[PDB]
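J.: got a structure for you, letters missing:
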DNA sequence: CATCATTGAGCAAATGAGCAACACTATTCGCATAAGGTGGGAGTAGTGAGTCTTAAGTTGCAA
């Protein structure tokens, strides 16, 4: 039922939609790790 | 016997096309910008005929 979605944009949205938006303090958390 | 035309032969003078080597500058290339800006959009709508290929539905049929 993955409808042969030959647009690469569509599936690219399907992968980038996995990760949700991080707040700005989580950037302090991650750049802390950096 | 003399001499010259007449056939080779090569050269200086001149010149046209370069060459390398430095030296200088035009152009190009590559990097930066701090409050904040966290899911596209046009996508045609009035073909039809055929032929190959799956895909699924049905259906004898035998252990």
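T.: Perfect, thanks for sending it. Numbering: from 1, shown residues only, chains lettered A, B, ... in the order given.
J.: From now on I want contacts and neighbour counts done on CA atoms only, so please keep to that.
T.: Will do.
J.: tally of neighbours for residue A:23?
T.: By other C-alpha atoms under 10 Å, the residues close to residue A:23 number 8.
J.: Revised request: answer the last question for residue A:33.
T.: 7.
J.: Report the separation between it and DNA strand B.
T.: From residue A:33 over to DNA strand B the distance is 17 Å, taken as C-alpha to the nearest atom of the strand, to the nearest Å.
J.: again with residue A:10
T.: The value you get for residue A:10 to DNA strand B, if C-alpha to the nearest atom of the strand is used, is 4 Å.
J.: How many neighbouring residues does that residue have?
T.: Using other C-alpha under 10 Å, residue A:10 has 10 neighbouring residues.
J.: can you tell me the helix or strand for it?
T.: helix A:8-16 (DSSP states H and E).
J.: contacts for that helix?
T.: Contacts to helix A:8-16, defined as C-alpha atoms under 8 Å, 6 or more residues apart in numbering, come from residues residue A:5.
J.: Tell me the first helix or strand C-terminal of it.
T.: By DSSP H and E, the next helix or strand past helix A:8-16 is helix A:24-33.
J.: Measure how far that next one is from the centre of its chain, please.
T.: Helix A:24-33 has its C-alpha centroid displaced from the chain centroid by 17 Å (C-alpha atoms, centre = their mean, to the nearest Å).
J.: Give the buried residues for it.
T.: By neighbour count on 16 or more other C-alpha atoms under 10 Å, the buried set for helix A:24-33 is empty.
J.: DNA strand B contacts on chain A?
T.: Contact residues (C-alpha under 7 Å from any atom of the strand) of chain A with DNA strand B: A:7, A:9-10, A:13-14, A:17-18, A:21-24.
J.: run the last query once more with 10 Å
T.: A:5, A:7-27 (C-alpha under 10 Å from any atom of the strand).
J.: And for residue A:11, the neighbour number?
T.: 14.
J.: Please report how far the most centrally placed residue in chain A lies from residue A:6.
T.: Centroid-nearest residue in chain A, with C-alpha atoms, centre = their mean: residue A:16, separated by 3.1 Å. According to C-alpha to C-alpha, to the nearest Å, residue A:16 and residue A:6 sit 17 Å apart.
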